[PDB]
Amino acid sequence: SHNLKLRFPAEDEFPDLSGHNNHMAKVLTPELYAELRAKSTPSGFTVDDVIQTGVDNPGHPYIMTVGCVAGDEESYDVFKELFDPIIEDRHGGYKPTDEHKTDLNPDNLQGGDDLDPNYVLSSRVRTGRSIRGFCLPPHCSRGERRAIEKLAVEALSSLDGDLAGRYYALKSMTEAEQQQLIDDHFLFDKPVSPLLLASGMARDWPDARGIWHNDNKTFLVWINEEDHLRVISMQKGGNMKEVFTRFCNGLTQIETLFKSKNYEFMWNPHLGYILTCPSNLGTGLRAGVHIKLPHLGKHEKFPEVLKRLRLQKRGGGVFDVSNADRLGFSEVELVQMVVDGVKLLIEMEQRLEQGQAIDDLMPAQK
């Protein structure tokens, strides 16, 4: 009914993106908008819905945001003329005809049981999943969201052994529970990012949002936040293989429990696992270490070494280092790049501790 909009000429509806630094604004032309503005997915998601967050949020002079979302699985097909250039730009030339390979077999990961714990304080692997048949968080109704929560909580409650756990719904969380989850670094709250708020994803908060974690505090699931599920495996030290093993183990057990009720993860062979933001497609995966690199930290070539290693850093020489890629590399490929990359970083750190050069250890661009 409101898509009333189509009675206005395209140019009167077309967003003013003059200031903007985001992927959407780089691709959305007046002709593209005219081509796509009458279209909708079966759940009613439109190109205005796709682009709203990028209209509202112009990015930063020095940081390009994505500037759009999917509202359902179909969005990536119905609006491919928009998403495809964005995905190619964001994902280093990933083409519409490229194939994504999924690989969640930890036997395929070589080594990484052993990352030096005088350097690696901690290891983590995180992803997201969407449940097929439901709209994504920008667009999901209260009913859809409740249904997702019920499915997820029922599956997780079935898990035993190493993955026995419990669920904390945000609406009923106590102050003591909250404080314990903060100390655990397990808590999420309503988003304050305007990138997320502008998409409609925070509606009805805290309805049907919660946190599940295993008793051992090595496996964590967030339900109905940025994506239907966020799934994290973590522990102290340097056994990234153990971390990834538990990660794949938990995912498969969940996935099989959903399958028993005829629910599937959203997935295809081109984009891999489907999630709300195009930046998270393919694997949705961030595998990281918190790593003590005081010397390499201050070193001039360190940004290049990370680049060659296909690695990234964030948060006074403790760095959170992870894989940069998400799409067109398998989960095993990404975790392997972290494992292999970290061993080399530590080698270089050790040169620098000895007052030695590292120049010759500069790796070929992966």
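A residue's number is simply how far along the shown sequence it sits, counting from 1.
The gap between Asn3 and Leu4 holds 1 to 3 unmodelled residues of the deposited sequence. The deposited sequence places 4 to 9 unmodelled residues between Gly315 and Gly316. When the C-alpha B-factors of 232-240 and 190-198 are averaged, 232-240 comes out higher. For the pair 167-175 and 221-229, the mean B factor over Cα atoms is greater in 167-175. Of the residues listed, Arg145, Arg246, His295, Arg203, the entry assigns the biggest Cα temperature factor to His295. Of all the options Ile274, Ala287, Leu115, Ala152, the entry's greatest CA B-factor is assigned to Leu115.
Among all modelled residues in its chain, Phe319 ranks in the highest third by Cα B-factor. Split the chain's modelled residues into thirds by C-alpha temperature factor. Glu31 is in the highest one. When the CA B factors of the chain's modelled residues are split into thirds, the value for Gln110 lands in the highest one. When the CA B factors of the chain's modelled residues are split into thirds, the value for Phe329 lands in the middle one. Placement of the Cα temperature factor of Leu311 within the chain: highest third of the modelled residues, per the deposited record.
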